[PDB]
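What follows is one chain in structure tokens, specifically the form deposited without the DNA.
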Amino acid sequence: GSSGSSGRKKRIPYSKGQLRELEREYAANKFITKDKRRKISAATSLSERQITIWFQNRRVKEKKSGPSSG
């Protein structure tokens, strides 16, 4: 709570309600367009850039050498 904590703060961003739309859109297409990207920003209330960064990390995750690295 205050002290004696290894460090479980500043964890992964994007709430379940936000990632819910991202994950779904991703499953449909690894890459979105200005259109979809704009819609998601209206639902998840995220920035066109933020959403992109997430979609990229999702793909790159299986591109670089490190499937189980984190």
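Note that residue numbering follows the sequence shown and begins at 1.
Although not depicted, the form deposited with the DNA bound is the subject of the following passage.
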For this session: Check whether residue 61 has any heavy atom within 4.5 Å of a heavy atom of the DNA in the entry with it bound, and answer yes or no.
Result: yes
Exercise. Quick one: does residue 49 come within 4.5 Å of the DNA in the entry with it bound, counting heavy atoms only?
Worked result: yes
For this session: Indicate whether the DNA has at least one heavy atom within 4.5 Å of a heavy atom of residue 17 in the entry with it bound.
Result: no
Seminar exercise, completed: Across 11-47, the residues having a non-hydrogen atom within 4.5 Å of the DNA in the entry with it bound turn out to be 11, 12, 13, 14, 19, 31, 32
